[PDB]
Every structure is written in structure tokens, then in C-alpha cells.
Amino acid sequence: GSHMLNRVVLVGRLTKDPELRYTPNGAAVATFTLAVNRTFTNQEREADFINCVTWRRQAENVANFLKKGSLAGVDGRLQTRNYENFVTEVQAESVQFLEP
């Protein structure tokens, strides 16, 4: 592929504790959902709920330091896992911990 860009940057709050597991190849994987407030206001300020996935030390740092309600920033890519009986999620290659 030529001329392909895919970049996402989000800051939000985890809706619940992150879920850490390990893949068959032993790679740690931490998942979590990020509530990101919208810019505009309707009628009430709605939010968007974005599923994120992290890998290896990134996933391990997430599991140890981030909890429900923690503020976190992610930098990564949009990835899809559509199947037939669509899924979209953020593959976060960097996670910033905005709280101590």
C-alpha cells in the first residue's frame, strides 16, 4: 500500500478497570473503554465510548496504574475486527498517565 495514514489521539476517562490477559504467544494485552467528552453540547454534554487495546509493557503499565475513572491519553491507530454472525477499536501504541 502507498499513501496510507492512520492516526488517533484521545484523552478520556476509563469507564471501568482495565482487563489484562495474555495471548497464546505470551504477549500481554490490556483492554479498556475510554469516555471522551464531545466538543459541542446538545439540547447536556454527551460523550463517546471508545474501546482501546494495548500490548506488552504498555498493557502492563496500564494494568498497574489505571483504574475506573482514571484520566488517560492514547496515541495509536484505528483498527477493525469485523466478522459475520463490525468492530472498531483504538490500537494504542502510547498511553500517557495524566494522574498520579
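Start at 1 and count along the sequence shown; that's the residue number.
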| query | finding |
| --- | --- |
| Deposited residues omitted from coordinates between residue 43 and residue 44, as a class | 1 to 3 |
| Residues of the deposited sequence that sit between residue 86 and residue 85 yet are not modelled | 4 to 9 |
| Entry-level comparison of average CA B-factors, 71-79 and 45-53, reporting the higher stretch | 45-53 |
| Between the two ranges 28-36 and 61-69, the one averaging a larger CA B factor in the entry | 61-69 |
| Per the PDB entry, maximal CA B factor within 5, 95, 8, 98 | 98 |
